[PDB]
Amino acid sequence: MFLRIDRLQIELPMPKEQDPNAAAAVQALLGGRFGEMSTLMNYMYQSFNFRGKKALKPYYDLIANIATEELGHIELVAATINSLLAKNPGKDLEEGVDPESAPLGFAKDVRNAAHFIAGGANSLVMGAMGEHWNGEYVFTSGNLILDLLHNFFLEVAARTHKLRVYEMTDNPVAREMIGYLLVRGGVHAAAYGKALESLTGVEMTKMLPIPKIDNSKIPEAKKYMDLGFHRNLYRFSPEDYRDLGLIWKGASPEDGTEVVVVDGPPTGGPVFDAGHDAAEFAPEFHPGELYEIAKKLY
Amino acid sequence: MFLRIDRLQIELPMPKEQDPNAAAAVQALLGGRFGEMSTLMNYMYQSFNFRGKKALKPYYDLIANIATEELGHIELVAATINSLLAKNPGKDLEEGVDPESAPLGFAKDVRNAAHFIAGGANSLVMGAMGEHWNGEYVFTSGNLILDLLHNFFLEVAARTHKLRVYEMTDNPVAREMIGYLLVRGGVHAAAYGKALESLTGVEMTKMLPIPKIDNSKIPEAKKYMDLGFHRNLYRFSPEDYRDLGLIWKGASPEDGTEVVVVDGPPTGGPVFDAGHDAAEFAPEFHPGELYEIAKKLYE
Amino acid sequence: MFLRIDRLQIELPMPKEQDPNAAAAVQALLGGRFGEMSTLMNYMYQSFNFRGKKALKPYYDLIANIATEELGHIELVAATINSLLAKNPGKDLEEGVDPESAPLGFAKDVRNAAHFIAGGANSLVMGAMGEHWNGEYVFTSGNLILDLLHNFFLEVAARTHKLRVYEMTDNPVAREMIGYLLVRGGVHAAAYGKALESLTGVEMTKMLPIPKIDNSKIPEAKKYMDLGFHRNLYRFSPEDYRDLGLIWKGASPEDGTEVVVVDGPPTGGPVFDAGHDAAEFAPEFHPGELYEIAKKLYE
Amino acid sequence: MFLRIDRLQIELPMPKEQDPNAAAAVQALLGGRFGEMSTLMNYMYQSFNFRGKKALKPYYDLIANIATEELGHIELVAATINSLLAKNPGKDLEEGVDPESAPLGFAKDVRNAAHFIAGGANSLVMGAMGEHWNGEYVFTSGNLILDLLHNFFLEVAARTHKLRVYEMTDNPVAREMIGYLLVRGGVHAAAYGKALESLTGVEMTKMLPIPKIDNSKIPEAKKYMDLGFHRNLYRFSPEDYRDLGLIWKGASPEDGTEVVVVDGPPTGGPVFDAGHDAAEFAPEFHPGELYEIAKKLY
Amino acid sequence: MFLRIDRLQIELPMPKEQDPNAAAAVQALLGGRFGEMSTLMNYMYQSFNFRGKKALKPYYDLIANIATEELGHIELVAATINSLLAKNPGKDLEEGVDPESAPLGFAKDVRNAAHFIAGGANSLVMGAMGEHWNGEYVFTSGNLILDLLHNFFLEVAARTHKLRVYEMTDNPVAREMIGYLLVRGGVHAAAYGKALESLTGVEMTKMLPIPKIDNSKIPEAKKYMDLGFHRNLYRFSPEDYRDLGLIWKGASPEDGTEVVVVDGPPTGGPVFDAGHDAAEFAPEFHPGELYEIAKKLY
Amino acid sequence: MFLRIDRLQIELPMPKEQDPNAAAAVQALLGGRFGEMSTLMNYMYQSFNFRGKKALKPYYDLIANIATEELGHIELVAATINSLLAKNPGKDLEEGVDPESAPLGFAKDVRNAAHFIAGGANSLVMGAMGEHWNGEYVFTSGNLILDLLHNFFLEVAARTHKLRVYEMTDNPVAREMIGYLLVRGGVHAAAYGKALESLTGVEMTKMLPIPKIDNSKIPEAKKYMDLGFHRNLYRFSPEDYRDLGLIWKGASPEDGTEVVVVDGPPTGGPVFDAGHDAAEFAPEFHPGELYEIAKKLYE
């Protein structure tokens, strides 16, 4: 079972302008083959299908726990996309919008028109080409080492895509999210690397970084490393998966410092609210009436 | 953010033997268009994309919270499928399996061979025809009423599929899961129905049940309702979504009794471990050595 | 625009019992790449996209008209599949069905479980492997000769699939539909062949039949040819497409006899009603009440 | 069985210029998840699979009939797309086009290149992202009420997409089509709503409009409502489905006026002919010879 | 079994600038429904599934051989796409690239962002809309005549797409490739046409050209015809498929001249190397170290 | 460019009879995500997209060359599937087949009906669930180490699928192909492992085998290793890729013996001809006339 905390894993800067194509690119990091939806569903199903949940407990704890962090990862990337697509972030009401004026005219020429037709100027479960995320992006073989090897590759491939998208947009919201998830993804790659080292004797972490560029060279990532977040494997559980430290220990591939397990989730930041977008009829063409109904419920 | 509890939403019975085709059918309830992956992802993304999270908080609380319960739903259906595919449930080691003997011969003729090739005799993110779940099964328009209407339909369609699969498999593991999720799905349909009633004045809950057959006619579902589960909307959060009672109140479509918000998750049951299946090399052909490595980690 | 007549293109016999796998195979002839959905959508879109609707009218008439017949083709194949899936064809009500008895147990082991889960034991827009029909099965280039060449190939490929399915299912409902559509498909291939002959001078009809087996060897098809159906190109329109005879003339590839344009649609047969299937909750678990509501509508 | 009338459901204005991206957006209304292909195929298959065709005749008449109108809907949207992609609308011949000059250069940068590569600058069976329409967009459960509930939702979702596309392009051809289909779609939503009301007692039509904006506020839609088209449910059949009036009666959700069944199809307008586009080799690079062959057939 | 020669089927001009959208369009000729991947896989599988490999040897030789040439066709189109996406063609190292500067900013607005996210600014197995090539684009019925008819259509449809893409970009690399493959594709269409003529008596080659425009009117294609390449059916095999001449003989649909079988593959040209693209971390962020490792291996 | 030799990479035994479901399972090894189509296309495109073809030649040689061997791999698996689907292997003509007798009746109930409808009882570009192979199964990042890591994983995952299918089908044709490709796949994994060791210092080959079961335990694979095939990296080129030995050297993960580069392709075995299947109209309903036409071509 799962519980939810109404907070993003980190505080994101408020968007200052809509950037459709930046959002379209960031989608690759959400619903693309190596987006957070894939890291999420791969570990989630592997955790469900895990054989030897007690006999190989440290490894089960690891996959089950990281799968839980991934839920926060898709949430964070979705909030980033929504920030890039929000017309009036944080504003509950905008009046005077008239469909006849073609208020969505700009969307006719952007890469991703779905964001404005299927979505109400919001995130969708797809990649940078509009391809919807699909279950075949998941690998759950039941063989522990094979799955771990897949996961190590999965994380470094995912990192590569984040670095490339980072180079496509200088948008502060997108780069803040990328900087943080580069660090978190790096922790996961290191964790699976350590898991493989313990089971096979092969020094997988010595292969890092892939590509051969350090996260320390990415300002937004360095910011979080300076706070020590590359050393933390958060235990996203009230009382379970307490044996993470048996694998998550030793040197960090980033700077060689000792890594540690942090019981409980990160502090986090507030959730994001794109506000009212009348042209998208979201949450309603004119939500005044609905806001009154909600008020009366109290 | 989210937290995880290593417990299934309910305790599942143990299967007498493997039933591949039963597992193949149950997949429709996991990765199919109206499977739990769809209810999960629809509410999850709608919650992310929700506009007016504070101004329309009662409704946001509802979608955000139910989305969290859906995580337990996919987990439960996956556990059911894994139970149906497990050769030695609860057994850590089986020795003597020889690939030359064609130990997976039976799998050559079952409906879903992927369960035994791509999966190590375990669940996959797909439906009853092998179709992988996809993001287009998600509807997130940004318009509250439109999304709620979609969700009401989504749950009754999902219920219909569970009823049909219930009639295909007599397996107690499958029927226990279905009985429970019929009740939970009913709570969600009722919740979205009440939300629509408050926003539009249209008495959506009076349309229930759909199809026109009561959950009380399904033995397993009836038991869970006798335990009062049709009245419960669990607040799956440490401190958030505390306004669920503003919408989740009034009569239950099942028996007209007063519904209630339950603080926190239910106790549930233990997670499932399919055990060792050497032919599937899961968790390893012979996990003896890996088990020793694990033991040594504890020093 | 279009109009509808509540009649199948031909009368279909009634099945002795359900045959799920026969229905699964026949789906290839509906939603598969070369199923009737493909001939329908290819000609339908080509007709919409046709350039020179007046300057090349004889050819536009042909594609626009055949596209209309294709609507009857998907309807007929769907009716065949529904017949094979019907538990109580022609019966409005069956009482006593209890989900607890696992009334759909047999469906757990058939090839296509979707027919019983997503569908209420009815046709779906897919092929023989559960693959849903998709728009990329359509070719609409805007170039007349290229489209016509594609269409000629499309029909003979479609014929090949029908012949193969004919050899898989001995069911009279399936074979009656196939015998008829082999003849109709043959008329279309002949028509596109004649169109190509007029535009390029290449004697495409002399390549027929493909495969090299005559429709006369298929009993059901032979009967329809004995009724003269291989000579008929029906003008499925009240007043339009009156120039079909400019291309649809001359010898039939089947027997060398003069082909003819028939004014209007054939009489056909009655539509099919699968009846009540309580286990599938179709049209309702127990439709008694709904039937009363319907009766009351007439006052 | 079916018959065809060589007319669009309504007369469309002639396009004055090519607008590729407008056409790309309008595709969402044709081959997208909630495009006319979906309303068409959903009702068409439901009508085929209908159980109790006589015992529940009024409802069968309704679905079977509306499915027939939908055929005209995909035809109308396709004509709209073709109008937006036509270089020389209504002109049988253009000479002097030389491929070496790169006459399709502009298409290299438009959103939908398929329109010009796979299609001969014509409509395709896909959505706004190039996604081809697929059979999983169809819901045919065999359960009457469940199907009707799905259809009610389907129509209001489809309306929402039309409103959004309407706001993306001020193109007269696209807006004329959208205005008319907003009205027709509204009739269908109202019809399914009334069907549900008769079978369940739940006042579904009271939920309209969704989104909360009236079609009367859309000039092109208001135009057709002023002609009374929101009150008409046309019986697209020579002699069948004569019991539509048992469900289609009472007040219109638009203005509360009495709705009625109109026997026979609407008058309609002429079909559209995009003319010759040599660069697309449609209908031929130079159709002069083919035109002569056709002439001789007469 | 197969062997490989490290040469492109023809020498290609070096790209003078990156042209993302041109590359996106050319993808239709690679992974699109009628791209070289389709001609390749259709003939390849038909050759595997061929019944009567000896009893119908001339026809088997034909399909098995052309399938082999198609391998060079996907290679040539891929090299063309890579040429259009190469930042520093032929250069092993570029220094000073800093991700923080958003060096891939331009890619945020191009049609195909996948080229820069999933690919390292390189070709992908997809079409012009980002659709990945799929096995359903293959037709292998086992019936010889049906397959040959399909192949004749396949080649003329493929030609049509090449002509359309040719008209979308005046890029020299793309047009050189298109000119050559128009000629090679024409040979294949003629070959299948002749095969059909021998088996059915129907003069299929008389239907050419389709569309009704001659390759001689395309400068780049005429260039290769003047060298006589439209007359050559190369036998891509050391010692097998020696009976091609039984079908490949007689007049060429292009100019009526006698066609001939050429034993062995064409001379070809050098392979293409897109060089170092640091922003894409290809072959590495900074390959200096890897180049040294390779050097030491020698 | 490429050249073709009309020989399979190994000689395959002849099947005793058709085994449709065995063929359906083997399809996973051809068109499935980890089938030979994936190893082929991954290396093929990586070789096209390779940057630093001269500066990193040893690695380019490796990928370009193995990609060429993969062509023989898809050919071999296709031949295995065709063998399992052949009614009259090696027989040019069967007379008397009558479609009316429902000669393909058995196919109505097999897992993969597409083999008999879309295919003329022959291989298709798909997996074990009918899913068609697609380009997204290809990973070509342009980054050498990332691609090599992917390839190492790709081969061991592919091996795992072959081992599972080996346990599903006891058919000698399937097991001979699997035994051989387990060995060849092992060589490729070893090769990519050695490439990674040279570029990163990480001893990837020490992770082998995955799963933890030796190929020596599979009879058919053991035989090929006894013939020394696990040591061979064939240079599938007339004059190119002559630097394979710079990486393909040292100990074999199988037995620690010195691996070697073999100049040119192996002798292999004859290609497979499924013969005439009249019910499938392949190569023709009755090929008598076509055979005469072919004979006459030789004058």
Side-chain angles (χ1 to χ4, degrees), chain C residues 45-53 55-56 59-60 63 138-150, chain D residues 15 17-21 23-24 27 78-79 81-126 272-291, chain E residues 25-26 28-29 32-34 127-129 156-170 178 182 209-215 217-218:
Chain C
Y45 278 78
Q46 287 167 9
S47 72
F48 298 160
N49 305 333
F50 200 100
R51 289 167 184 266
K53 290 185 170 69
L56 293 167
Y59 305 98
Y60 170 62
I63 299 179
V138 171
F139 182 83
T140 179
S141 74
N143 180 278
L144 183 54
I145 293 172
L146 183 58
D147 282 351
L148 286 172
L149 175 59
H150 164 276
Chain D
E17 64 182 304
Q18 280 177 293
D19 194 333
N21 287 351
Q27 282 282 176
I81 289 165
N82 292 334
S83 294
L84 295 169
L85 298 174
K87 179 189 177 185
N88 307 297
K91 303 300 182 182
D92 298 337
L93 178 71
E94 85 172 318
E95 300 188 305
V97 176
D98 190 327
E100 199 183 331
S101 77
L104 298 179
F106 70 90
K108 188 188 73 170
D109 304 310
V110 302
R111 295 189 62 248
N112 191 329
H115 272 155
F116 300 94
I117 298 173
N122 56 59
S123 73
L124 296 173
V125 194
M126 57 173 56
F272 176 71
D273 188 338
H276 181 211
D277 185 327
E280 288 297 346
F281 316 112
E284 186 53 277
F285 179 49
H286 189 298
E289 176 179 293
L290 302 192
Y291 291 161
Chain E
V26 174
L29 312 184
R33 181 183 168 180
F34 294 100
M129 295 298 281
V156 292
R159 182 197 183 224
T160 303
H161 288 201
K162 289 197 177 65
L163 287 169
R164 289 167 174 174
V165 170
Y166 176 91
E167 294 176 300
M168 292 169 70
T169 178
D170 70 323
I178 291 177
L182 275 173
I210 294 175
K212 194 59 65 185
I213 181 172
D214 306 320
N215 281 334
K217 303 306 298 181
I218 305 299

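Order of the sequence lines sets the chain letters (A, B, ...), proteins ahead of strands, with each chain counted from 1.
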key: Single hit among C/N143, C/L146, C/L144 for side chain to side chain contact (heavy atoms under 4.5 Å, CB included) with E/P211   =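 So the option named by the test is C/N143.
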
task = Could you tell me whether the side chain of D/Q18 and the main chain of D/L84 form a donor-acceptor pair under 3.5 Å?
result =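 Side chain of D/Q18 to backbone of D/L84, a donor-acceptor pair under 3.5 Å: no, none is there.
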
request  = Give a yes or no answer on whether the side chain of E/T160 reaches the backbone of E/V156 with a donor-acceptor pair at less than 3.5 Å.
outcome  =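 A pair under 3.5 Å: yes.
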
ask   = Under the side chain to side chain donor-acceptor pair (under 3.5 Å) rule, what pairs show up with a residue in residues 108-117 of chain D, not counting sequence neighbours?
value =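 Sorted pair list: D/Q27-D/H115, D/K108-E/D19, D/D109-E/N21.
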
task = Check the pair D/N82 / C/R51 against side-chain hydrogen bond (donor to acceptor under 3.5 Å, both in side chains), numbers first and verdict last.
result = CA-CA 10 Å; D/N82 292 334; C/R51 289 167 184 266; over 6 Å; no

key: D/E280 vs E/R164, side-chain contact (heavy atoms from CB on, under 4.5 Å): CA-CA, chis, key distance, verdict   = CA-CA 7 Å; D/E280 288 297 346; E/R164 289 167 174 174; 3.0 Å; yes

message = List the residues meeting salt bridge (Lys or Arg N to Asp or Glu O under 4.0 Å) with E/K212, not counting sequence neighbours, and say none if there are none.
response =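 So E/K212 forms no salt bridge (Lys or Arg N to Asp or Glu O under 4.0 Å) with any residue.
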
Exercise: identify the closest heavy-atom pair between [X] and [Y]:
X      : Y      : value
D/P287 : D/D92  : CG-O, 3.7 Å
D/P283 : D/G275 : CD-O, 4.5 Å
D/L124 : D/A118 : CD1-CB, 4.4 Å
D/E284 : C/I145 : OE2-CD1, 3.9 Å

Please round to the nearest 0.5 Å and tell me the distance separating atom [atom1] of [X] and atom [atom2] of [Y].
X      : Y      : atom1 : atom2 : answer
D/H286 : D/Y291 : NE2   : OH    : 9.5 Å
C/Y45  : C/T140 : OH    : OG1   : 9.5 Å
E/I210 : E/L163 : CD1   : CG    : 12.0 Å

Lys/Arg N to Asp/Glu carboxylate O, D/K87 vs D/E94, below 4.0 Å =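 So D/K87 pairs with D/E94 through a salt bridge.
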
message = With a 4.5 Å cut-off on side-chain heavy atoms, are E/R159 and E/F34 touching?
response =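 Side chain of E/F34 against side chain of E/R159, heavy atoms only: no contact under 4.5 Å found.
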
Pair D/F116 and D/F106, ring centroids less than 6.0 Å apart =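 Yes - the distance between ring centres of D/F116 and D/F106 falls below the 6.0 Å cut-off.
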
